[PDB]
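1. any chance you can model this:
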Amino acid sequence: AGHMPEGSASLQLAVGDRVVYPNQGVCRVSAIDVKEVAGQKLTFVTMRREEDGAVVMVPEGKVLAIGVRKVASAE
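-> Numbers count the residues shown, from 1 in each chain. Here you go, the structure:
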């Protein structure tokens, strides 16, 4: 059920783009901003799954550590 995270936009992820985790499931981007956490300044994306009403936030410049691929084409 539901449509998968397809690709039809630019390279870098934007607001309203689609995201999928390696196990968690699928979410939808709502807003994106940059901040300093634990002594580290980077772009932190904020997604909100309307399926249950949960929110997920991950580092766009540090996703390589989590192993999550969130992009207009990347899953």
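2. and the nearest residue to residue 2 once chain neighbours are set aside, how many residues sit next to it?
-> The shortest distance from residue 2 to any non-neighbouring residue, by Cβ to Cβ, 6 or more residues apart in numbering, is to residue 26 (7.0 Å). From N, CA and C alone the C-beta is placed, and that goes for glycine too. Here the count is done by other Cβ atoms under 10 Å, and residue 26 has 16 residues near it.
3. and the residue lying farthest from the centre of the chain, how far is that from residue 66?
-> Most distant residue from the mean C-alpha position of the chain: residue 39, 21.7 Å away (Cα atoms, centre = their mean). Per Cβ to Cβ, to the nearest Å, residue 39 is found 18 Å from residue 66.
4. which phi and psi values does residue 64 adopt?
-> Dihedral angles of residue 64 (phi, psi; degrees, to the nearest 10) stand at phi -60, psi -30.
5. measure it to residue 42 for me?
-> 11 Å.
6. next one: residue 67
-> With Cβ to Cβ as the criterion, residue 67 and residue 42 are 16 Å apart.
7. if you count surrounding residues, which of those two has more?
-> A count of neighbours by other Cβ under 10 Å puts residue 42 above the other of residue 67 and residue 42, at 13 against 9.
8. now the more buried one, which residues is it bridged with?
-> Beta bridges link residue 42 to residue 35 when assigned by DSSP bridges.
9. first-to-last residue distance for stretch 66-75?
-> Distance across stretch 66-75, first residue to last, is 13 Å (Cα to Cα, to the nearest Å).
10. again with stretch 12-32
-> One end of stretch 12-32 to the other measures 12 Å (Cα to Cα).
11. got a list of contacts for that stretch?
-> 2, 4-6, 9, 43-51, 54-56, 60, 67-72, 75 (Cβ atoms under 8 Å, 6 or more residues apart in numbering).
12. give the PyMOL command for selecting the buried subset of those.
-> Applying 16 or more other Cβ atoms under 10 Å to those, the buried members can be selected in PyMOL as follows:
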select buried, resi 5+44+45+47+49+56+68+69+70+71+72+75
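13. having no further points to raise, I will conclude here.
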